[PDB]
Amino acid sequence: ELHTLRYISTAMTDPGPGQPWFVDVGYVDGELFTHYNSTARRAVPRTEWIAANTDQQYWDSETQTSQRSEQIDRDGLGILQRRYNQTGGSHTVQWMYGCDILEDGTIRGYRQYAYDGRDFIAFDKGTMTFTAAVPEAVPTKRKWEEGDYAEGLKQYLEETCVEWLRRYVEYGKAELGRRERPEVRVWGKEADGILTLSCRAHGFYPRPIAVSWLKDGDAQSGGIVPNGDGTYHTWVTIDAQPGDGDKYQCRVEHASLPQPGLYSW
C-alpha cells in the first residue's frame, strides 16, 4: 500500500574515462524505470510497463526536463566551485526528490541537494522553507526563496508527483505486485578455529526480507543487494564454535513464503 516515486541526479567533474558527467534515474517502489545521461541526451524507459503506457510526447518532455536540468547543473558546478574557491579537482552535485504515499493515505514529498557528498540545501514543502547546511548554500537559498520556485515546487511534490506515482503504479501493477520466492543456500567455512555459517537468499521479490540465524531455537548482514533482473539478494553470516554446526538454523521471512523457511548446515 506504500508506494514511492524517487528521482536522483548526479553531476560530476570527474566521472571517469568515457563516462557521462551527468546522470539521472527514476524509481517506482524501488524499481528503476527511467534514465538519462549527458552522452545519449535522451530520457529513456527502463521497464516494460512504463514503455507500454507512455508515448513519444512523454519521452520528448522528460528529455527536455533532463536536458534543462543538465544545463543548470553544468552552470552550477562552476558557480559552486567559484563559491568554494576551488580551481579544479573532483567535485559532485547530487539531488534527489520525489514523493511517498504512506499506508495511512498521507503523502510525503522531499527535494534535497548535496555538494561533494554532504548536505547542501533541502526543501521543506509543508513550511515552504529551505535549510542551508553550509554557507555556500545561503546565496542559493536567497534565490530559491524568491519568485515562483518554491510554490511551484510544493505543488509538484504534493500534486504532480503524487498524480504520476499513482499512474505509474497502475501501469506497473502486475510486475510491482508480484512475488518471487528466494532460493536459499546455507554454506559453512572454518578458518582460524571459527566456523562461519552463511545463509544466502537468491532472487526474491519484493525487497523486504528477514534472514536470521537461530541457535538452539552477533550476525553480520550484507544488506539487501540487487540482481541484474529486478530481484534481490541478501547474505547473513554468523560465527560459531567448530562442531556446533548442528545447533544453528537459518530463518527466512518473506512475503512469498506462507511460513518462514528454516535451513540447516
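One-based numbering along the sequence shown.
Task: Missing from the model but present in the deposited sequence, between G217 and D218 - done: 4 to 9 residues lack coordinates between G217 and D218.
Open item on the list: Tell me which stretch, 104-112 or 151-159, has the higher mean Cα B-factor listed in the entry.
Closed with: Taking the mean C-alpha B-factor of 151-159 and of 104-112, the larger value falls to 104-112.
- [ ] Averaging the C-alpha B factors as listed in the entry, name the stretch that ends up higher: 8-16 or 244-252.
- [x] The deposited B-factors put 244-252 ahead on the C-alpha mean.
Open item on the list: Highest Cα temperature factor in the entry, among the options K189, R74, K141, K125: which one is it?
Closed with: The listed residue with the largest C-alpha B-factor is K189.
Task: Out of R166, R118, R179, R83, highest CA B-factor residue - done: Reading the PDB entry, the winner on C-alpha B-factor is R179.
- [ ] Could you look up the Cα B-factor of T87 in the entry and say which third of the chain it sits in: lowest, middle or highest?
- [x] As the PDB entry reports it, the C-alpha B-factor of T87 lands in the highest third of its chain.
- [ ] Divide the modelled residues of the chain into thirds by Cα B-factor and specify which third, lowest, middle or highest, holds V44.
- [x] Its C-alpha B-factor, which the entry lists for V44, ranks in the lowest third among residues of this chain.
Task: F204 - which third its CA temperature factor falls in, relative to the rest of the chain - done: Ranked within chain, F204 CA B lands in the middle tercile.
TODO: Classify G26 as lowest, middle or highest third according to the C-alpha B-factor given in the PDB entry, relative to its own chain.
DONE: Answer is lowest: the recorded C-alpha B-factor places it there.
TODO: Would you check the entry's CA temperature factor for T237 and let me know if it's in the chain's lowest, middle or highest third?
DONE: It falls in the top third of the chain.
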